[PDB]
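Chain by chain, the residues:
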Amino acid sequence: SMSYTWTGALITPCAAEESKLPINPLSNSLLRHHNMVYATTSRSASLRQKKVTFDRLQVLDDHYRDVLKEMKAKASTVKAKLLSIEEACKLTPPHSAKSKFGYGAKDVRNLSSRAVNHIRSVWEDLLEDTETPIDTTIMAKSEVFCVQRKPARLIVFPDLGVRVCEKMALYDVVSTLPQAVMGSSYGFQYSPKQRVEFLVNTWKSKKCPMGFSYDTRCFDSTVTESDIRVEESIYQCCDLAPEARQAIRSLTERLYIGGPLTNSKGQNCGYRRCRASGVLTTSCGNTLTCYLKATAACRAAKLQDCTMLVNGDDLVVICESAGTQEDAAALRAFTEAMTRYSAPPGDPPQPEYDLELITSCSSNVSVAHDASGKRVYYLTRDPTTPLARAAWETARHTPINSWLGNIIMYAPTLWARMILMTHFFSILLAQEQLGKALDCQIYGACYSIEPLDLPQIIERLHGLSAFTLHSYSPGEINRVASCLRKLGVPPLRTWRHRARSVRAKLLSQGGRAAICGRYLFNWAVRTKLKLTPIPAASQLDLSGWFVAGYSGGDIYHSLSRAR
């Protein structure tokens, strides 16, 4: 069936859309080539629509059925809880899209009578009606990139009341089931230092390793109605409350497998028969689907001793080499199997024999040295998109601060330390906002984080070595320096000067600012301050941070205030 059908009504914006980086002194201090930075808008939606619309022709085989049964046997160990309306309301981000039924996210969080009554009505309707398709809105996503243009991605999501119901039925399932089923291959269970450790140990565990990333083209569009029912069959192996079982059954047929698309103006836009990006099961469902197809495809291809790492549609496989020619042929066979399963490739995969040459979640393992000169592995990435987005976030207030998520996840990197920490600490210190909580996203869930708490967060996620790395690889330094020239970002020497300046000011303030000056900017001086474990680090409650993925799932993981 066709992934989408369209009526001809346009994908419309709900307000004016900005596509150009503003010319602003603060952003210009970071990046001078403002014309290279753009944001996608609804104006390119038609180009995306063409790319994502195609027929799927899936063929399943014994390897696929075998792997599915293995996955279901592990899912059969799970007991999932139904969340109460209160619990589910507390997981709603404060800025989540309002309902068309007369209330918004703040009303949901406050347990307002109108919100709760409506949510209860939507729940009862899921229990009673197993068929009526649930409406969804389709919008063009606004994302920032550097030129060399990408057309906007399309997001599809149901009303706020439905989203709260999805949490009640499935939040515990999508939080617990993926690890139970996929074990160590489930990527979202790892903090950054744990992900590096898994990749390095997996690589070194092979006698003669070979690895590869597999890029599926337009993954969400490749997901079939069969795939979404197979995913449901895995969820149904959990012990579930009867109302949760019915809600899952109803949501599967009424929302997850497909449904009508309405634009921002209320016009009937088309019909979807593939994965919606903006529902609670997207991350878990995609991960399970990718894992199932790939695990089966590895068997078809006769790849030996595979170990996969999967996060949504992002897949990396590390196996035992059978020799160069044998590996090349096996990878072609793997791709052929994936294609039969409706997961055709974007870039054809290539075998790699160096761990550093593999890219997963757009990141690669690199090496630096700590204060003692000992090797430390850490994950880095090309900093182009992070810097372009940081520039946009400097000129405009945005709902998610990618820069803060990037400092958290990429803290050990040369570019996050020299450029992102320096730039934002400088501006926030001047504005007396070092302690103002900002929203950021980690594995798709939203968190409200005060930049002054960064040192202890970094220590937990990466280790104290994140504050001492030096002697970065020549390859990594070259990629950063090349990026800076391309984007017109000032050279590293300028960043060192700015860092010494903000470091002095932070130290002068005492308190949490001084801990930031000491730990975050020790790299900027020769006269190192002593770094010890931060007392606050051991008390940090990071429960919930690296448990599961929730991208598109409308999840907020910070604490709800008492009423």
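Residues numbered from 1 in each chain as written, not as in the entry; some residues may be left out. Heavy atoms only, no water.

Header annotation of the entry names X-ray crystallography as the structure determination method and lists the resolution as 1.60 Å.

Colleague: Would you mind going over the packing of aromatic side chains with me for this structure?
Modeller: The geometry of an aromatic ring pair is captured by the separation of the ring centres together with the interplanar angle, meaning the angle of the planes. Per the counting criterion, the structure on display carries 18 aromatic pairs. Their ring planes at 40° and their centres at 6.0 Å tell us that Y38 and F145 sit as a pair that is tilted. With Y38 in strand β2 (residues 37-39) and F145 in strand β4 (residues 144-146), this residue pair connects regions lying 107 residues apart in the sequence. Grouping aromatic residues by their ring pairs yields a cluster made of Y186, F188, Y443, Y447, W545 and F546. When the ring centre of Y38 is taken as reference, the NZ or CZ atom of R149 above it lies at 4.7 Å. For the cation-ring pair, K150 lies above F145, with the distance from its terminal atom to the ring centre recorded as 5.4 Å. (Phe/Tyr/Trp six-rings, centres within 6.5 Å; stacked < 30°, edge-to-face > 60°. Helix = DSSP H or I, 4+ residues; strand = E, 2+ residues; numbered from the N terminus. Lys NZ or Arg CZ within 6 Å of the ring centre and 35° of its normal.)

Colleague: Just checking my understanding: could you explain the sheet that holds strand β6 (residues 209-214) for this structure?
Modeller: Within a sheet, each strand pairs with its neighbour through backbone hydrogen bonds, oriented either parallel or antiparallel. Strand order in this open sheet of 3 strands is β6-β10-β9, and the pairing throughout is antiparallel. Of all the strands in the sheet, just β6 and β9 (304-311) have a single pairing partner and so form its edges. Averaged over all pairs of adjacent strands, the angle between strand axes in this sheet comes to 15°, irrespective of strand direction. Two elements, β6 and strand β10 (residues 314-320), share 6 bridges in a ladder whose sense is antiparallel. What sits directly across from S213, in β10, is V316. (Pairing = 2+ DSSP bridges. Axes fitted to C-alpha atoms, helices over the stretch in contact; angles between N-to-C directions.)

Colleague: Please explain unusual backbone geometry as it appears in this structure.
Modeller: Residues apart from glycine generally show negative phi values, whereas peptide bonds are mostly found in trans. In this structure, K302 is a non-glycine residue whose phi angle is positive, near 60°. If you trace the backbone, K302 turns up in the loop between α12 (282-301) and β9. One non-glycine residue, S471, lies in positive phi territory at about 55°. The topology assignment puts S471 in the loop between α17 (454-462) and α18 (474-487).

Colleague: Sorry, what's going on with the domain arrangement of the protein here?
Modeller: Interfaces are often sized by the accessible area lost when the parts come together. One can read the domain layout of the protein as domain 1 (1-362) and domain 2 (363-563). One C-alpha centre belongs to domain 1, the other to domain 2; they are set 27 Å apart. Residue-level contacts link 61 residues of domain 1 with 55 residues of domain 2. Here domain 1 and domain 2 share 3 salt bridges between them. Close ionic contact of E18 with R396 constitutes a salt bridge, the shortest N to O distance being 2.7 Å. On the surface where domain 1 and domain 2 come into contact, there are 23 residue pairs in polar contact. Secondary structure elements with two or more residues in the side of domain 1 that touches domain 2: α1 (25-30), β2, β4, α7 (160-182), α8 (192-205) and α12. Among the elements that make up the side of domain 1 that touches domain 2, the one with the highest residue count is α8 (7 residues). A class-by-class count of the residues in the side of domain 1 that touches domain 2 yields 30 nonpolar, 19 polar and 12 charged. (Domains from an automatic or database assignment. Contact = heavy atoms within 4.5 Å. Salt bridge = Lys/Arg side-chain N within 4 Å of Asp/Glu carboxyl O. Polar contact = N/O pair within 3.5 Å; in protein donor to acceptor, adjacent residues only side chain to side chain. Nonpolar A, V, L, I, M, F, W, Y, C, P; charged D, E, K, R; others polar.)

Colleague: Just checking my understanding: could you explain the sheet that holds strand β1 (residues 4-6) for this structure?
Modeller: Strand order in the open sheet formed by 5 strands is β1-β8-β7-β3-β5, with mixed pairing between adjacent strands. Single-partner strands in this sheet number two, and they are β1 and β5 (154-157). Averaged over all neighbouring strand pairs, the angle between strand axes comes to 30°, with direction disregarded.

Colleague: Help me out: how do you make sense of the pairing of strand β13 (residues 438-442) in this one?
Modeller: For a regular strand, side chains alternate in direction, first toward one face of the sheet and then toward the other. Burial of β13 is extensive: 4 of the 5 residues sit out of reach of the surface. Strand direction decides the pairing type here: β13 and strand β14 (residues 445-449), joined by 5 bridges, are antiparallel. Note that in β14 the partner of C440 across the bridge is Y447. The antiparallel hairpin formed by β13 and β14 contains 2 residues in its connecting segment, where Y443 sits at a positive phi of about 55°. (Buried < 20%, exposed > 50% of the residue type's maximum accessible area, 1.4 Å probe, protein only.)

Colleague: Hey, could you run me through the nonpolar core in this one?
Modeller: Taken as a class, soluble globular proteins show a tendency for nonpolar side chains to be buried jointly. The biggest cluster of nonpolar side chains holds 168 residues, and the ones touching the most others in it are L315, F334 and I408. Looking at this core, the element that brings in the most residues is α7, giving 13 residues. Two domains share this core, each providing at least three of its residues, namely domain 1 (1-362) and domain 2 (363-563). In this view, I408 contacts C440, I442, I449, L454, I457, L461, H462 and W545; residues no more than four positions away in its chain are not counted. (Core = buried A, V, L, I, M, F, W, Y, C linked by side-chain atoms within 4.5 Å.)

Colleague: Just checking my understanding: could you explain the packing of helix α3 (residues 62-75) against α12 for this structure?
Modeller: Between two packed helices, both the angle of their axes relative to each other and the distance between the axes serve to describe the pair. Between α3 and α12, whose axes approach to 8 Å, the crossing angle comes to 130°. Compared by their axis directions, α3 and α12 come out oblique. α12 is crossed by α3, and the crossing has right-handed handedness. Of the residues in α12, those touching α3 at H63, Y64, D66, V67, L68, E70 and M71 are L288, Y291, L292, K293, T295, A296, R299 and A300. Partitioned by chemical class, the residues of the contact of α3 with α12 number 9 nonpolar, 2 polar and 4 charged. (Parallel < 35°, antiparallel > 145°, perpendicular 65-115°, else oblique. Left-handed = near helix turned anticlockwise from the far one by under 90°.)

Colleague: Which parts of the structure should I look at to understand the pairing of strand β12 (residues 375-381)?
Modeller: Taking burial as the measure, the 7 residues of β12 include 5 buried ones, the bulk of the element. When strand β11 (residues 363-369) meets β12, the two strands line up antiparallel, connected through 7 bridges. If you follow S366 over to β12, its bridge partner there is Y378. The turn joining β11 and β12, which pair antiparallel and follow one another in sequence, is formed by 5 residues; a positive phi near 95° is taken by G373.

Colleague: So what exactly am I meant to see when it comes to the environment of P344 here?
Modeller: Take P344: it is sitting in the loop between α13 (324-340) and β11. Put simply, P344 and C218 are 126 residues apart on the chain and 9.0 Å apart in space, counted from C-alpha to C-alpha. When near neighbours in sequence (up to four residues on either side) are disregarded, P344 contacts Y214, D215, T216, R217, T222, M338 and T339.

Colleague: Honestly, the pattern of salt bridges in this entry has me stumped. Any pointers?
Modeller: Working definition: two side chains of opposite charge can pair if their charged atoms are close together. Taken as a whole, this structure holds 17 salt bridges when the rule is applied. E253 is paired through a salt bridge with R229; the nearest N and O atoms lie 2.9 Å apart. Residue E253 is located in helix α11 (residues 242-256), and its partner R229 is located in helix α10 (residues 225-235); the two are separated by 24 residues in the primary sequence. What makes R229 partly exposed here is its relative accessible area of 38%. A salt bridge links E253 to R249, with the shortest nitrogen-to-oxygen separation between them at 2.7 Å. Placement of both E253 and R249 in helix α11 is noted, with a separation of 4 residues, approximately one turn of the helix. Accessibility expressed as a relative area gives 32% for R249, which makes it partly exposed. Salt bridges sharing common partners tie together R229, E232, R249 and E253.

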